[PDB]
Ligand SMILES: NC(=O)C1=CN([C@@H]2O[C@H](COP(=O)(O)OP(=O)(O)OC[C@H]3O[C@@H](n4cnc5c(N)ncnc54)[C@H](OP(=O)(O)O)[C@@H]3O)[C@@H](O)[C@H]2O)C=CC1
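First comes one chain, alone, set out as structure tokens in the form deposited without the ligand.
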């Protein structure tokens, strides 16, 4: 009893989080599987702080004040279970284990129930913001057993990033896997915004012939409009950046995007629960497409594009159209993200506070922007809002962007520029707007070849099977 909390996992993220907590007046006791690293940290980065070091799990648990609070920041999967295995013999009923890794929400559900049975309070929190964010103010998204929450509130909300009006980008998300589910959706959305920016980038580069100086300028300009966001800002910096030889660095790097799993999982969840989260899906498949680098080099030699028609129009107006096409598409991505969140909530019985979630994403995290503020007061004005597009601000924003959005897509399609996310976002927008869709033909076909039955428009609920085949043979 002296340390308020322990953290296991002394990679840079773990180190920065302990330092942040120490700076906020909390005595942290550090531990790591390779025990050497605890000494190293105390002699170096934590020299002259209040952090304690442990050299065995038993010593770490003796150091903790009761209810003992311990954070796991190890590689998601097996290791989290192994540490739980060790820790549970050593803990009293009412102690708290927190998993901060990017765990599978179903594993977190599992572990939360299991430990609840043994009287140990389990919380899974998403942590967002990279290593420097961890150092000064991460978004923390905790969920699991709420009895833990009053005992960690102070620590979590104290080290969390704070929005201009003082609030922490951290609050209790919900039961069992809710914090981790919100975390993976966060990353799904991140993928979506990155791909949208890549498509804007591709239109300016290849339709408008803009060099990276002018392109970085255009992005800094955009970072002063509604598109004000961390990602637009760093993109301007990346486009400017010069390598050791004075030439721009971005054109020299390989176009094969990596993935670590969370994006993929958002798409898979949308498919499992039947939610049309089409833009994150396209973003994930666009990373898959770029991985096929060698295949694409072969294809460029064989497959022909459209007739090369030079852009004949005003560069400034078109650059504005790209601005609006990105903004409208981003609106659709976020509407789809909150549709998934909403569906997961009825699927697992979570009572999510959507305005709360938007606030947790307003600062600290990679998707932070002024835009999340507008989403938050959409849900403040109406917390039962079914879809973001029905909110007057978003509805007016899309209406305003509309023919620039259509103009940018048509020009891209004429010029042969791949726009998977710009086009999904418009297709979804036009799908969702239509009270009557051609899906009635799907239903008629399925009834025709596999008797699956259909409903009439007037009289929903009664299912009919027409004998199409021969209606008079």
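Numbering follows the first chain given and starts at 1.
Another form, the form deposited with the ligand bound, is not on view; read the next lines as being about it.
*Asks:* Identify which of 280, 332, 127, 325 has a heavy atom within 4.5 Å of the ligand in the entry with it bound; exactly one of them does.
*Replies:* For this set of options, the contacting one is 127.
*Asks:* Pick from 286, 120, 87, 74: which has a non-hydrogen atom within 4.5 Å of the ligand in the entry with it bound?
*Replies:* When the ligand is considered in the entry with it bound, the option within 4.5 Å is 74.
*Asks:* 219 to 227, 129 to 137, 162 to 170, 145 to 153: which one contacts the ligand in the entry with it bound at 4.5 Å, heavy atom to heavy atom?
*Replies:* After filtering at 4.5 Å, what remains is 129 to 137.
*Asks:* Would residue 10 count as a contact of the ligand in the entry with it bound, using a 4.5 angstroms cut-off between non-hydrogen atoms?
*Replies:* It does: once the ligand is placed as it appears in the entry with it bound, residue 10 has a heavy atom within 4.5 Å of it.
*Asks:* Within a 4.5 Å heavy atom cut-off, is residue 190 in contact with the ligand in the entry with it bound?
*Replies:* Yes, residue 190 lies within 4.5 Å of the ligand in the entry with it bound.
*Asks:* Can you work out whether residue 109 and the ligand are in contact in the entry with it bound, taking contact to mean some heavy atom pair no more than 4.5 Å apart?
*Replies:* It does not: once the ligand is placed as it appears in the entry with it bound, residue 109 has no heavy atom within 4.5 Å of it.
*Asks:* Tell me, yes or no, whether residue 79 is in contact with the ligand in the entry with it bound, where a contact means a heavy atom of each within 4.5 Å.
*Replies:* The answer is yes: residue 79 has a heavy atom within 4.5 Å of the ligand.
*Asks:* Counting only non-hydrogen atoms and a 4.5 Å threshold, tell me whether 83, 183 and 366 all contact the ligand in the entry with it bound.
*Replies:* Contact check passed for all of 83, 183 and 366.
*Asks:* Can you tell me which bits of 85 to 108 touch the ligand in the entry with it bound, meaning any heavy atom within 4.5 Å?
*Replies:* The stretch touches the partner through 102 alone.
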